[PDB]
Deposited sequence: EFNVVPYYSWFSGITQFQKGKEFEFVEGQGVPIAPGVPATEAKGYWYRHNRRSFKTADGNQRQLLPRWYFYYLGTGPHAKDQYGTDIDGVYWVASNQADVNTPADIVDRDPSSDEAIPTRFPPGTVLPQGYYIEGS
């Protein structure tokens, strides 16, 4: 969880379960499906939530990262330039998207909307070592 309120993603998270496997998508893929959004707005980034646990007194490690998707110009990196090398950020965009203008899309009031469970179109190459939440 969090003890500082996050920007909330329109979608469910993707969670690492195998250490050492990278988070990635093929260029053009990796934008989660949202009913009615045009491919020109299908642009943004996945953002890594580092999680950390507590020591139990039986010794006991691991609580891997979970990634959350944010449309370009929103989220904790609402200001950065698409593409920019930033630890913990992975940019993705449909090939119809112009990544020079922010997506025209409001954040998600977590109280007047649940997260849309994360799906991808047929053919999307899923990152091995990750489990899509809600699936």
How would you write out the unmodelled ranges of the deposited sequence, numbered from 1?
-> 60
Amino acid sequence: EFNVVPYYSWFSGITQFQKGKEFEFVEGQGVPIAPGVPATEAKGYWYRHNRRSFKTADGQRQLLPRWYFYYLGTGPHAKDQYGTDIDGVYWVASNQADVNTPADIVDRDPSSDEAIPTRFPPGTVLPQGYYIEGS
From here on, numbers count along this sequence of modelled residues.
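Take the two forms, find the largest set of C-alpha atoms that superpose within 1.5 Å, and that set is the rigid core.
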So if we fit everything on the core, which stretch drifts more in 6 other deposited structures of this protein, 109-117 or 16-24, C-alphas only?
-> 109-117
Higher-deviation segment by CA RMS in 6 other deposited structures of this protein, core fitted, 72-80 or 50-58 = 50-58
Which is higher on average in the deposited entry, the C-alpha temperature factors of 73-81 or of 47-55?
-> 47-55
Is the mean CA B factor in the deposited entry higher across 115-123 or across 15-23?
-> 15-23
Note to self: of 86, 34, 42, 105, the C-alpha temperature factor tops out at 105
Member of 60, 100, 29, 96 with the greatest C-alpha B factor (per the PDB record) = 60
